[PDB]
Amino acid sequence: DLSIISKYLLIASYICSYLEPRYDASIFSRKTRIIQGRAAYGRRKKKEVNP
Amino acid sequence: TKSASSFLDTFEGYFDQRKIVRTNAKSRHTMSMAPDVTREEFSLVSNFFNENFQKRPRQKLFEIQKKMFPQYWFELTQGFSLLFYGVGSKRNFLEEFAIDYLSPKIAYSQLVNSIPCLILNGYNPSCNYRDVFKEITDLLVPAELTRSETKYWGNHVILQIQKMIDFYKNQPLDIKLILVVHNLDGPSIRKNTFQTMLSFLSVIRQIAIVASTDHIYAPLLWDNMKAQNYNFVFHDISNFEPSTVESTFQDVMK
Amino acid sequence: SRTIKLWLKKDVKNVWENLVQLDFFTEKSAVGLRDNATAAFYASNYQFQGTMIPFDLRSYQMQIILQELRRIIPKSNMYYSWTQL
Amino acid sequence: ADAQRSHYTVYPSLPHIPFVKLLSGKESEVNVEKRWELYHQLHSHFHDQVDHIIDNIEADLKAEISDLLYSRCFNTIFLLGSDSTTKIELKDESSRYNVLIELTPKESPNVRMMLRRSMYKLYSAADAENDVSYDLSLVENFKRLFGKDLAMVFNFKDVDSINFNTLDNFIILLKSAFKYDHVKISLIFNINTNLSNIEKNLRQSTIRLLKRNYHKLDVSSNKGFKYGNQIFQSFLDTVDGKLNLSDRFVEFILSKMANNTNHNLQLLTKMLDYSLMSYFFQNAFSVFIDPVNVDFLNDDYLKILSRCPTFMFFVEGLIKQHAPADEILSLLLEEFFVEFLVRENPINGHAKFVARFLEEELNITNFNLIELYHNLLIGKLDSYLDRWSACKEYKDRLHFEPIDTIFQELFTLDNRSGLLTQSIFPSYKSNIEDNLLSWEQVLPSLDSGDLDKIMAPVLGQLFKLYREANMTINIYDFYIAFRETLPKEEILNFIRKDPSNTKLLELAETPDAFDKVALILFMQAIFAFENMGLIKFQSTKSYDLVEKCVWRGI
DNA sequence: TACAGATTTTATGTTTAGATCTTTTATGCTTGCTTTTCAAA
DNA sequence: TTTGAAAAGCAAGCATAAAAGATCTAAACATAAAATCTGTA
C-alpha cells in the first residue's frame, strides 16, 4: 500500500544503493545528441560477488 | 570553464557532466591570484550595488506583488498556511505584508489594538524553539498541563500544544496571532522538533502562519503528516533581493 | 550432485537466530556486556546501527573457526569434507 | 536591532473582506459582498458534511476495533494503514480493570523505559478509578492491591518507527505475565507498510508466540473507497444545480489522489476547497448561481458572456439553420441568458443513482465514484461498467450521453491555467531553476538604465555559467569567467554616478578597481548559491573548489 | 504576637538531547597501462 | 569499409573524510524536607 511515486523512489534508491555511480550513462542514457560526445562504455568485466 | 558535455539538463545532463577529469586536464588556479579585497570596500561596493543596480525593476515588480495581498489574506482566513519561495530575500516582503497590511485587515474585520505579529528569524542559528514557545504562551495564555497530561518525562511543549489544539477546536475562528517565520528552512529551525512544533501550531485555525524558505531542497523536510498539518499554499515570489540581513550570520571573507 | 533436503531462506532464519542465541556467532565489533552500570546505562540510551538494518545484512564473526570444527566434528559426519577449503 | 534577534513581537500600529472588485474594477460592492456570502454558504454546506463524514469514520473505526478486541497468550490485532490517530475505547466490565496503554517510539528508547511508562500509566489508571515500584511485580500484585482482575491493552503507535529489538524484548518481557491467572494482555500494532516487513524484523520465536490468536484489520481510508465517495458526493450535492465539474478537474483529482495514500481525504478536501475559493474569487458570474441576482445584469457581463464558445457554436448553428439575417442580429441576449441558468443538470443525481445501484443492488463495492464521475463526464460509462461482469444486463438502463449545455463555461471548475498546480503541488526546485536561468520572466525590462539594460542580475549571470560547467568548478576560473561577461567601462561609470559617496569615487580610480568590484559581486553571489544549496565546498579549510549539487530539469 | 498553611530554598534523583574525541573503514585523487566506440579518410 | 586515437576503464597506493560509538555533560523533568513568608485570629 505505497504510492506509485513511493514505489519507484524505493526502486531507484535500491538501484543507487547497489550500482556504482560511474556507469549510469551506460544504462539510462537514451537521448539524441546534437553535440559530439561519448557516453559511458559500461563495466568491462563482471564481478563474481552479488552486490 | 564551460563543460565539454553534450547535455545540460535532466538526468542526461547529470550523467554527462559527472565524468572523470585527468590530472593534467585540471586547473591548479588558487585564490592567491585573486585581487585582495578588505571588509570595508566589500561593504561599500555591496551596499552601492544592492541599492542602485536593478532597483527600478525590483520596485515595479514589488508593486506588482502587493496586488496578491488580498488573495493571501483570503487564503489565510480559510486555514491555509502561506509558504513563500523564490530567488532573493523575502524578509521585507513578509514584514510589509504581515505588519503594514494583514494585521490591520484582520483586526478591522474582527470587530482596540491590532493583532500581534510574532517574528521568527530562522536565518539566525540561535533560534530556539523553547523560547519561541515561551513567547507564544505569553501571547496566548494557554491552560497549563495537569498532572495526568504531563505523562512520564514527556515533552511539555508538544503536550501543551496538543492540549491547545484540543482547546481551540471549540472556539470562534478568529485569528489571535500572526506567526511570521523568516527562513523556515534555516539552520536550527529545520530540525525535527522545531518543524513538529510549528506544524502542530499550524493545525490551530486561530494562528496565521506566513513562512518563507530559501533552500532548494526544503520540501524534503515535510512528510505526509507534516504536510497535512502545515496545509501549505505555495506562492513563488522571486525578486532578486540582496539578502544583506541574513548574510550577517555568515562570513563573507571565506 | 555426487539426498539432502535444501531448506528455504525463511526456515534457515530460525536456525540462524538459534546459532546467534547459542553464542556461535557474534555481532561485528560488539562490546557486549559492559564493565560497570554507568557504561551500561550509556549504552542502553544509544541506538546501535545493527538494530535497524535488516537481519540478512548484519555483519557477524565466528566464535569457532573452521580448523576447530575440523578438529571436533567426527569423520563419519556427512559434512566433514567441507571443513577444509 | 530586531533583525539580529532570535524572535520578537511587533504590536502593529492600527491607523472589510478580501474579495476584490472584478469587471476591471467596475463590479459593484454589493456583488462583491454577495459573492463573499455565497462562497460562505457553499463552503459551510460542504464542510458540515465533511465533518460528519470524519466523525462517522472515527465512530465506525472505534466500533470495529472494539468488536475485534473482545468476544494463556496475547490477543494480537494488526491495524494496517493506521497512521495511529484513533482513540481506542474499552468498555466497563465489572470486577475487572480495563487499562489501555499508548506507546510511541519516542517513549521507547529501551525496554526499561517501556516497562516504567507502562506500569506508571497502569498504576495511575488503576488509582484514578503507598507508592509502588514501576515494574512487572505491579502486575502480579494487582489483585492483592485493587481486588479485581486486570486486562491490559497495549497500543503501539507507528510500529514502523520503533526499534524492533526493543519491541521484541518488550514482547518477551510481557510473556512473563502469562503465569498469572488474573491477567490477560492484548496488543494493538499500528502497521503502516505491510505485515511482511514487520515479521522480517521480528525473531521467529516471537512470531510463533504472536501466531496463536491474531487478527488483521485493513484500517485505511483507501479500502473500498467508502469514505472518499461520501466526500466527493457531498461536494457534488453542494454544487448540484449551481456549478459543473470538468473532466480535466476530475482527472486532476484522481491523479493527485493516487500520489498520496496515507492522507487522501484531506488532500481531496483541500483541492476541492481551493478550486471553490479560486472560482468565487475570480468569477463575477458566481452571483448568478442564485436566481435573485438576475436583475444585476450590466454591459460588462454581456461582453464577458458573449465570448463563450458554446454561444459561438450556438449562433453559428443558428446561421446554419436560419436563412434570414434579421433574427440573427437581434440576438447579437440578456433575456436568453436567464432562461438557461436554471437548468437542472441531472448528471449528479444520475451519478448518485448508479452509485446506489452498484452498491445496494449488485453488491459491488470496489468502485471509485470520482473515477465513475470522470467516465460519465467523458462519455465512457459503459467502458467503466464492463469490468465486474454483472452490469451487462444493466448496460442499457445506465446509459447517459453528455449534454454540452450553453453558458456552462461561466459556471465550472477547471484547470487549464495551471493555478491548482502552481499553488498546491508546485515544481519547487524547477521553478527556482527556471527563475535563475531565464530571469526576464521575473524582473521587468523597463525602457542606471544602461547597466540594468546590458548587464544581468548577478545570481542569474552566475547561474548561466554554473549550468554550463562541470561537476567540479575552480573558484578562480569561475570568477575569471564571470568577469568576462561584465562590462569593464559601464560598471566604472556606474560607480561614479553618485558624487556624494567619496570612498567609492576614490576606489573607482584605482588601476585594480574593476576586478575588485567583480570579485565582491562574485563572492556575494557565490555565498548566495551556497546558502541556497546549489553549490558545496568539498573541503573545510581551503575553499578553492566547489561541487555542483543541483541540475535543472530533474 | 500565634499559628496553620502556602511558597521558597536547598538538595538531590531520572531521563533525554546533544557534544567531543577515538578507532576503524570508505572514498577520492594520482599515475600508468589497456579497451572501445565514433569522427574522419 | 577501415582506422586510429582520444575518451573511457581499471587498478595499486595512499591521504583523508566519515561512520560508529565510547564517554560524557547539561538541560528538562521530578521530588522533598527545612526554613521562611502570608493571612487571618
# chains A, B, ... in the order shown; residues from 1 in each chain; ligands from 1

$ closest_atom_pairs --of "chain C" --to "chain D" --cutoff "7 Å" --atoms "only C-alpha atoms" --output "tab-separated table"
residue	atom	partner	partner_atom	distance
C:14	CA	D:204	CA	5.8
C:44	CA	D:110	CA	6.5
C:45	CA	D:109	CA	6.3
C:51	CA	D:165	CA	6.3
C:52	CA	D:163	CA	6.7
C:54	CA	D:201	CA	6.6
C:55	CA	D:201	CA	6.9

$ closest_atom_pairs --of "chain D" --to "chain B" --cutoff "6 Å" --atoms "only C-alpha atoms" --output "Markdown table"
| residue | atom | partner | partner_atom | distance |
| --- | --- | --- | --- | --- |
| D:6 | CA | B:127 | CA | 4.9 |
| D:7 | CA | B:120 | CA | 4.8 |
| D:8 | CA | B:119 | CA | 5.5 |
| D:9 | CA | B:118 | CA | 4.4 |
| D:10 | CA | B:117 | CA | 5.2 |
| D:11 | CA | B:116 | CA | 4.9 |
| D:12 | CA | B:99 | CA | 5.8 |
| D:14 | CA | B:104 | CA | 5.6 |
| D:16 | CA | B:109 | CA | 5.6 |
| D:18 | CA | B:70 | CA | 4.9 |
| D:423 | CA | B:234 | CA | 4.9 |
| D:424 | CA | B:233 | CA | 5.6 |
| D:429 | CA | B:216 | CA | 5.6 |
| D:443 | CA | B:57 | CA | 5.8 |
| D:444 | CA | B:57 | CA | 5.4 |
| D:452 | CA | B:54 | CA | 5.5 |
| D:468 | CA | B:2 | CA | 5.5 |
| D:469 | CA | B:3 | CA | 4.6 |
| D:470 | CA | B:3 | CA | 5.1 |
| D:471 | CA | B:18 | CA | 5.6 |
| D:520 | CA | B:42 | CA | 5.8 |
| D:532 | CA | B:215 | CA | 4.5 |
| D:533 | CA | B:215 | CA | 5.9 |
| D:552 | CA | B:9 | CA | 5.2 |
| D:553 | CA | B:10 | CA | 4.4 |
| D:554 | CA | B:10 | CA | 4.6 |

$ select_by_dssp --residues "region 294-509 of chain D" --states "helix (DSSP H, G or I)" --output "compact mmCIF listing (two decimals) with N, CA and C atoms, in the first residue's frame"
# COMPACT_ATOMS: atom_id res chain seq x y z
N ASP D 299 -23.46 45.92 -18.69
CA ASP D 299 -22.87 45.77 -20.02
C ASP D 299 -21.69 44.80 -20.00
N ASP D 300 -20.80 44.95 -19.01
CA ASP D 300 -19.56 44.18 -18.96
C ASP D 300 -19.83 42.70 -18.77
N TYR D 301 -20.93 42.36 -18.09
CA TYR D 301 -21.39 40.98 -18.04
C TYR D 301 -21.73 40.46 -19.43
N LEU D 302 -22.38 41.28 -20.26
CA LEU D 302 -22.77 40.84 -21.59
C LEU D 302 -21.56 40.65 -22.50
N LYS D 303 -20.60 41.58 -22.50
CA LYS D 303 -19.40 41.32 -23.32
C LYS D 303 -18.50 40.23 -22.75
N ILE D 304 -18.55 39.94 -21.45
CA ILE D 304 -17.81 38.75 -21.00
C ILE D 304 -18.52 37.47 -21.44
N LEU D 305 -19.85 37.41 -21.29
CA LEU D 305 -20.58 36.20 -21.63
C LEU D 305 -20.71 35.97 -23.13
N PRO D 309 -17.54 29.98 -25.99
CA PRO D 309 -17.57 29.15 -27.20
C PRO D 309 -18.86 28.35 -27.39
N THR D 310 -19.63 28.08 -26.33
CA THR D 310 -20.94 27.47 -26.53
C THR D 310 -21.89 28.44 -27.21
N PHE D 311 -21.81 29.72 -26.84
CA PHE D 311 -22.56 30.76 -27.54
C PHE D 311 -22.10 30.90 -28.98
N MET D 312 -20.79 30.74 -29.20
CA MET D 312 -20.20 30.83 -30.54
C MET D 312 -20.76 29.72 -31.43
N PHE D 313 -20.74 28.49 -30.91
CA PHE D 313 -21.27 27.33 -31.63
C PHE D 313 -22.78 27.44 -31.83
N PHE D 314 -23.50 27.95 -30.83
CA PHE D 314 -24.95 28.09 -30.95
C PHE D 314 -25.33 29.11 -32.02
N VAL D 315 -24.63 30.24 -32.09
CA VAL D 315 -25.01 31.22 -33.11
C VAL D 315 -24.52 30.80 -34.50
N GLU D 316 -23.41 30.05 -34.61
CA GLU D 316 -23.05 29.59 -35.95
C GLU D 316 -23.96 28.45 -36.41
N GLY D 317 -24.46 27.62 -35.49
CA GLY D 317 -25.52 26.70 -35.84
C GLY D 317 -26.81 27.40 -36.20
N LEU D 318 -27.09 28.54 -35.57
CA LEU D 318 -28.27 29.32 -35.90
C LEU D 318 -28.17 29.92 -37.30
N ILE D 319 -27.00 30.42 -37.69
CA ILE D 319 -26.85 30.89 -39.07
C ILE D 319 -26.76 29.72 -40.05
N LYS D 320 -26.45 28.51 -39.58
CA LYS D 320 -26.57 27.35 -40.46
C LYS D 320 -28.02 26.97 -40.69
N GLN D 321 -28.87 27.08 -39.66
CA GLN D 321 -30.24 26.60 -39.78
C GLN D 321 -31.24 27.67 -40.22
N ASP D 326 -32.23 38.80 -40.23
CA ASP D 326 -32.80 39.75 -39.28
C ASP D 326 -32.90 39.16 -37.88
N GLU D 327 -33.18 37.86 -37.79
CA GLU D 327 -33.30 37.21 -36.49
C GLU D 327 -31.95 36.98 -35.83
N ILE D 328 -30.89 36.86 -36.63
CA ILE D 328 -29.55 36.64 -36.09
C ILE D 328 -29.03 37.89 -35.39
N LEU D 329 -29.24 39.06 -36.00
CA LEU D 329 -28.73 40.31 -35.44
C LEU D 329 -29.49 40.74 -34.19
N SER D 330 -30.72 40.26 -34.01
CA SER D 330 -31.49 40.58 -32.81
C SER D 330 -30.88 39.94 -31.57
N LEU D 331 -30.35 38.72 -31.71
CA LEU D 331 -29.74 38.05 -30.56
C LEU D 331 -28.38 38.66 -30.22
N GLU D 334 -29.77 39.25 -23.17
CA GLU D 334 -29.94 39.35 -21.72
C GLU D 334 -31.09 38.46 -21.24
N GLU D 335 -32.20 38.43 -21.98
CA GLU D 335 -33.30 37.56 -21.60
C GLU D 335 -33.00 36.10 -21.92
N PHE D 336 -32.18 35.85 -22.94
CA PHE D 336 -31.80 34.49 -23.29
C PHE D 336 -30.79 33.91 -22.31
N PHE D 337 -30.03 34.77 -21.62
CA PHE D 337 -29.08 34.31 -20.61
C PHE D 337 -29.79 33.76 -19.38
N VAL D 338 -30.92 34.36 -19.01
CA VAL D 338 -31.60 34.00 -17.76
C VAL D 338 -32.26 32.62 -17.86
N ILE D 347 -26.73 15.17 -14.14
CA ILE D 347 -25.60 14.23 -14.10
C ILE D 347 -25.24 13.87 -12.66
N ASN D 348 -25.47 14.78 -11.70
CA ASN D 348 -25.15 14.50 -10.31
C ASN D 348 -26.13 13.49 -9.71
N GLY D 349 -27.43 13.69 -9.96
CA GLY D 349 -28.43 12.74 -9.50
C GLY D 349 -28.31 11.39 -10.16
N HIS D 350 -27.93 11.36 -11.44
CA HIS D 350 -27.71 10.08 -12.10
C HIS D 350 -26.46 9.40 -11.58
N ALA D 351 -25.42 10.17 -11.23
CA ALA D 351 -24.23 9.59 -10.62
C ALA D 351 -24.55 8.97 -9.27
N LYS D 352 -25.40 9.65 -8.48
CA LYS D 352 -25.92 9.07 -7.24
C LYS D 352 -26.74 7.81 -7.51
N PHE D 353 -27.50 7.80 -8.61
CA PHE D 353 -28.33 6.65 -8.96
C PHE D 353 -27.49 5.42 -9.28
N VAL D 354 -26.48 5.58 -10.15
CA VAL D 354 -25.60 4.45 -10.46
C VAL D 354 -24.75 4.06 -9.25
N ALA D 355 -24.42 5.02 -8.37
CA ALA D 355 -23.68 4.68 -7.15
C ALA D 355 -24.51 3.80 -6.22
N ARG D 356 -25.76 4.17 -5.96
CA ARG D 356 -26.59 3.36 -5.08
C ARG D 356 -27.03 2.06 -5.75
N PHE D 357 -27.13 2.05 -7.09
CA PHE D 357 -27.48 0.83 -7.80
C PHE D 357 -26.31 -0.15 -7.81
N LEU D 358 -25.08 0.35 -7.91
CA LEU D 358 -23.92 -0.52 -7.85
C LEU D 358 -23.69 -1.03 -6.43
N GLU D 359 -23.94 -0.19 -5.42
CA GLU D 359 -23.64 -0.58 -4.05
C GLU D 359 -24.71 -1.49 -3.46
N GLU D 360 -25.98 -1.11 -3.58
CA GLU D 360 -27.04 -1.77 -2.83
C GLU D 360 -27.92 -2.70 -3.67
N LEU D 369 -16.12 6.55 -6.99
CA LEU D 369 -17.14 7.44 -7.54
C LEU D 369 -16.52 8.60 -8.30
N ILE D 370 -15.30 8.99 -7.94
CA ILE D 370 -14.57 10.01 -8.70
C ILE D 370 -14.21 9.49 -10.09
N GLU D 371 -13.76 8.24 -10.18
CA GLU D 371 -13.45 7.64 -11.48
C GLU D 371 -14.71 7.39 -12.29
N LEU D 372 -15.79 6.98 -11.62
CA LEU D 372 -17.09 6.81 -12.29
C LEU D 372 -17.61 8.13 -12.82
N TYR D 373 -17.42 9.21 -12.06
CA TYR D 373 -17.86 10.54 -12.49
C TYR D 373 -17.01 11.04 -13.66
N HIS D 374 -15.71 10.71 -13.65
CA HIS D 374 -14.85 11.05 -14.79
C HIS D 374 -15.27 10.30 -16.05
N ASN D 375 -15.63 9.02 -15.91
CA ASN D 375 -16.07 8.25 -17.06
C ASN D 375 -17.44 8.69 -17.55
N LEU D 376 -18.31 9.15 -16.64
CA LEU D 376 -19.58 9.74 -17.05
C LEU D 376 -19.38 11.09 -17.73
N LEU D 377 -18.35 11.84 -17.32
CA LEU D 377 -18.06 13.12 -17.95
C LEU D 377 -17.52 12.93 -19.36
N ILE D 378 -16.61 11.97 -19.55
CA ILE D 378 -16.04 11.75 -20.88
C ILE D 378 -16.92 10.90 -21.77
N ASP D 382 -20.06 2.94 -19.96
CA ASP D 382 -20.15 1.52 -20.29
C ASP D 382 -18.78 0.84 -20.24
N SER D 383 -17.74 1.55 -20.68
CA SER D 383 -16.37 1.06 -20.59
C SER D 383 -15.83 1.06 -19.16
N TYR D 384 -16.54 1.69 -18.22
CA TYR D 384 -16.22 1.56 -16.80
C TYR D 384 -17.04 0.47 -16.13
N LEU D 385 -18.24 0.20 -16.65
CA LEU D 385 -19.14 -0.80 -16.07
C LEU D 385 -18.94 -2.20 -16.65
N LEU D 419 -3.27 26.87 -12.23
CA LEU D 419 -3.27 27.56 -10.95
C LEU D 419 -3.28 26.57 -9.79
N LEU D 420 -4.05 25.49 -9.92
CA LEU D 420 -4.06 24.45 -8.89
C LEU D 420 -2.72 23.73 -8.80
N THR D 421 -2.01 23.61 -9.93
CA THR D 421 -0.68 23.03 -9.89
C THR D 421 0.33 23.98 -9.27
N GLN D 422 0.26 25.27 -9.61
CA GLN D 422 1.24 26.22 -9.08
C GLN D 422 1.04 26.51 -7.59
N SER D 423 -0.16 26.27 -7.05
CA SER D 423 -0.45 26.64 -5.67
C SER D 423 -0.40 25.47 -4.70
N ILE D 424 -0.86 24.29 -5.09
CA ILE D 424 -0.95 23.15 -4.18
C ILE D 424 0.21 22.17 -4.38
N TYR D 428 8.82 22.98 -7.31
CA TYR D 428 9.50 23.97 -6.47
C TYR D 428 10.93 24.24 -6.97
N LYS D 429 11.75 23.19 -7.01
CA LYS D 429 13.14 23.37 -7.44
C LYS D 429 13.22 23.68 -8.93
N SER D 430 12.25 23.20 -9.72
CA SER D 430 12.21 23.54 -11.14
C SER D 430 11.86 25.01 -11.34
N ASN D 431 10.96 25.55 -10.50
CA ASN D 431 10.65 26.98 -10.56
C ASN D 431 11.84 27.82 -10.15
N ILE D 432 12.60 27.38 -9.14
CA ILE D 432 13.81 28.10 -8.74
C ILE D 432 14.85 28.09 -9.86
N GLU D 433 15.04 26.92 -10.49
CA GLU D 433 15.99 26.80 -11.60
C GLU D 433 15.58 27.66 -12.79
N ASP D 434 14.29 27.67 -13.13
CA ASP D 434 13.83 28.44 -14.28
C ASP D 434 13.81 29.93 -14.01
N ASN D 435 13.60 30.35 -12.76
CA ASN D 435 13.73 31.77 -12.44
C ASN D 435 15.18 32.21 -12.43
N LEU D 436 16.10 31.32 -12.04
CA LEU D 436 17.52 31.66 -12.09
C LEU D 436 18.04 31.74 -13.52
N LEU D 437 17.66 30.77 -14.36
CA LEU D 437 18.22 30.70 -15.71
C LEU D 437 17.66 31.79 -16.61
N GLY D 449 20.01 53.12 -16.04
CA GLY D 449 19.25 52.39 -17.04
C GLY D 449 20.12 51.57 -17.96
N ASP D 450 21.30 52.08 -18.30
CA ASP D 450 22.18 51.39 -19.24
C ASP D 450 22.74 50.10 -18.64
N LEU D 451 23.20 50.16 -17.39
CA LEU D 451 23.77 48.97 -16.76
C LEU D 451 22.69 47.94 -16.45
N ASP D 452 21.48 48.41 -16.13
CA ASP D 452 20.34 47.50 -15.99
C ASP D 452 19.96 46.88 -17.32
N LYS D 453 20.17 47.61 -18.42
CA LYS D 453 19.79 47.10 -19.73
C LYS D 453 20.76 46.04 -20.23
N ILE D 454 22.07 46.25 -20.06
CA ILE D 454 23.04 45.39 -20.73
C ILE D 454 23.76 44.40 -19.81
N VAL D 458 23.06 39.46 -10.82
CA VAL D 458 24.29 38.71 -10.56
C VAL D 458 24.01 37.22 -10.36
N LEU D 459 22.89 36.88 -9.71
CA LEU D 459 22.58 35.48 -9.46
C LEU D 459 22.23 34.74 -10.75
N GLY D 460 21.47 35.37 -11.65
CA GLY D 460 21.18 34.76 -12.93
C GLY D 460 22.40 34.63 -13.82
N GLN D 461 23.27 35.64 -13.81
CA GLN D 461 24.52 35.58 -14.57
C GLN D 461 25.44 34.50 -14.03
N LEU D 462 25.46 34.31 -12.71
CA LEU D 462 26.23 33.21 -12.14
C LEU D 462 25.63 31.86 -12.48
N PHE D 463 24.29 31.77 -12.51
CA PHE D 463 23.64 30.50 -12.81
C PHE D 463 23.81 30.09 -14.27
N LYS D 464 23.87 31.07 -15.18
CA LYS D 464 24.11 30.76 -16.59
C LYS D 464 25.47 30.11 -16.80
N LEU D 465 26.48 30.56 -16.06
CA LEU D 465 27.80 29.93 -16.13
C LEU D 465 27.88 28.67 -15.29
N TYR D 466 27.07 28.59 -14.23
CA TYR D 466 27.02 27.40 -13.37
C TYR D 466 26.48 26.20 -14.13
N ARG D 467 25.42 26.42 -14.92
CA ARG D 467 24.71 25.32 -15.58
C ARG D 467 25.56 24.69 -16.68
N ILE D 475 37.12 27.91 -8.34
CA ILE D 475 36.51 29.18 -7.96
C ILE D 475 37.16 30.35 -8.70
N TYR D 476 38.49 30.34 -8.83
CA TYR D 476 39.18 31.41 -9.52
C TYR D 476 38.85 31.43 -11.01
N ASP D 477 38.74 30.25 -11.63
CA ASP D 477 38.34 30.18 -13.03
C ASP D 477 36.88 30.58 -13.22
N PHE D 478 36.03 30.26 -12.24
CA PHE D 478 34.64 30.72 -12.25
C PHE D 478 34.57 32.24 -12.17
N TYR D 479 35.44 32.85 -11.35
CA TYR D 479 35.48 34.30 -11.23
C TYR D 479 36.02 34.95 -12.51
N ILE D 480 36.99 34.30 -13.15
CA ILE D 480 37.52 34.79 -14.43
C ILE D 480 36.44 34.73 -15.51
N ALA D 481 35.67 33.64 -15.54
CA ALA D 481 34.56 33.52 -16.48
C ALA D 481 33.44 34.51 -16.18
N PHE D 482 33.20 34.82 -14.90
CA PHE D 482 32.18 35.79 -14.55
C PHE D 482 32.61 37.22 -14.88
N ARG D 483 33.91 37.51 -14.78
CA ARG D 483 34.41 38.85 -15.05
C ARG D 483 34.35 39.19 -16.54
N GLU D 484 34.42 38.19 -17.41
CA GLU D 484 34.40 38.44 -18.85
C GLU D 484 33.02 38.88 -19.32
N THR D 485 31.96 38.42 -18.66
CA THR D 485 30.61 38.82 -19.05
C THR D 485 30.30 40.26 -18.66
N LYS D 488 33.42 46.30 -18.49
CA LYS D 488 34.50 46.91 -17.72
C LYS D 488 34.39 48.43 -17.65
N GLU D 489 33.74 49.07 -18.63
CA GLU D 489 33.66 50.53 -18.66
C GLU D 489 32.38 51.06 -18.04
N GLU D 490 31.24 50.44 -18.34
CA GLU D 490 29.96 50.93 -17.84
C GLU D 490 29.81 50.72 -16.34
N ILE D 491 30.43 49.68 -15.78
CA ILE D 491 30.41 49.49 -14.33
C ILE D 491 31.21 50.59 -13.63
N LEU D 492 32.38 50.94 -14.18
CA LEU D 492 33.19 52.02 -13.62
C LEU D 492 32.52 53.38 -13.78
N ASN D 493 31.74 53.56 -14.85
CA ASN D 493 30.90 54.75 -14.94
C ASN D 493 29.75 54.72 -13.95
N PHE D 494 29.24 53.52 -13.64
CA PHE D 494 28.08 53.39 -12.76
C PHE D 494 28.45 53.68 -11.31
N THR D 502 32.33 59.43 -1.40
CA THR D 502 33.70 59.80 -1.73
C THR D 502 34.65 58.62 -1.73
N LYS D 503 34.44 57.65 -0.84
CA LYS D 503 35.32 56.48 -0.79
C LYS D 503 35.14 55.59 -2.01
N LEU D 504 33.91 55.50 -2.54
CA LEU D 504 33.69 54.75 -3.77
C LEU D 504 34.32 55.45 -4.97
N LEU D 505 34.28 56.79 -4.98
CA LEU D 505 34.96 57.54 -6.03
C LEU D 505 36.47 57.37 -5.94
N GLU D 506 37.01 57.30 -4.72
CA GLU D 506 38.43 57.05 -4.53
C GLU D 506 38.81 55.65 -5.01
N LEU D 507 37.99 54.65 -4.70
CA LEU D 507 38.25 53.29 -5.16
C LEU D 507 38.03 53.12 -6.66
N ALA D 508 37.25 54.00 -7.28
CA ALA D 508 36.97 53.87 -8.71
C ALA D 508 38.17 54.20 -9.58

$ select_by_dssp --residues "chain C" --states "strand (DSSP E)" --output "list in words"
residues 25, 26, 27, 60, 61 and 62 of chain C

$ write_last_selection --atoms "C-alpha atoms" --output "PDB file, in the first residue's frame"
ATOM      1  CA  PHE C  25      28.049 -16.111  16.127  1.00  0.00           C
ATOM      2  CA  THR C  26      28.853 -12.643  17.418  1.00  0.00           C
ATOM      3  CA  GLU C  27      27.948  -9.206  16.026  1.00  0.00           C
ATOM      4  CA  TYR C  60      28.882 -11.365  12.128  1.00  0.00           C
ATOM      5  CA  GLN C  61      32.068 -13.096  13.236  1.00  0.00           C
ATOM      6  CA  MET C  62      32.771 -16.678  14.264  1.00  0.00           C
TER       7      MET C  62
END

$ residues_around --residues "residue 19 (chain F)" --least-positions-apart "2" --cutoff "12 Å" --atoms "only C-alpha atoms (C1' of nucleotides)" --output "mmCIF file with C-alpha atoms (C1' of nucleotides), in the first residue's frame"
data_model
loop_
_atom_site.group_PDB
_atom_site.id
_atom_site.type_symbol
_atom_site.label_atom_id
_atom_site.label_comp_id
_atom_site.auth_asym_id
_atom_site.auth_seq_id
_atom_site.Cartn_x
_atom_site.Cartn_y
_atom_site.Cartn_z
ATOM 1 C CA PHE C 48 23.002 0.841 17.513
ATOM 2 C CA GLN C 49 23.206 0.696 13.716
ATOM 3 C "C1'" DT E 23 39.234 3.948 16.143
ATOM 4 C "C1'" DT E 24 38.409 1.694 12.064
ATOM 5 C "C1'" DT E 25 36.808 1.819 7.406
ATOM 6 C "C1'" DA E 26 35.109 4.093 2.938
ATOM 7 C "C1'" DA F 17 36.676 12.130 5.211
ATOM 8 C "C1'" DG F 21 30.252 4.565 19.066
#

$ interface_residues --of "chain D" --to "chain F" --cutoff "12 Å" --atoms "only C-alpha atoms (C1' of nucleotides)" --output "PyMOL selection string"
chain D and resi 538-540

$ closest_residue --among "F:41, F:15, F:22, F:27" --to "chain C" --atoms "only C-alpha atoms (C1' of nucleotides)"
F:22

$ atom_distance --atom1 "CA of residue 180 (chain D)" --atom2 "CA of residue 140 (chain D)"
6.5 Å

$ interface_residues --of "chain A" --to "chain B" --cutoff "9 Å" --atoms "only C-alpha atoms" --output "count of residues only"
16

$ interface_residues --of "chain A" --to "chain D" --cutoff "12 Å" --atoms "only C-alpha atoms" --output "PDB file with C-alpha atoms, in the first residue's frame"
ATOM      1  CA  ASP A   1       0.000   0.000   0.000  1.00  0.00           C
ATOM      2  CA  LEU A   2       2.541   2.562  -1.179  1.00  0.00           C
ATOM      3  CA  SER A   3       2.078   5.228  -3.818  1.00  0.00           C
ATOM      4  CA  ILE A   4       3.402   4.852  -7.354  1.00  0.00           C
ATOM      5  CA  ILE A   5       5.976   7.599  -6.685  1.00  0.00           C
ATOM      6  CA  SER A   6       6.990   5.931  -3.403  1.00  0.00           C
ATOM      7  CA  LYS A   7       7.367   2.580  -5.198  1.00  0.00           C
ATOM      8  CA  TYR A   8       9.564   3.997  -7.960  1.00  0.00           C
TER       9      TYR A   8
END

$ interface_residues --of "chain C" --to "chain F" --cutoff "12 Å" --atoms "only C-alpha atoms (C1' of nucleotides)" --output "PyMOL selection string"
chain C and resi 28-31+34+38-43+45-50
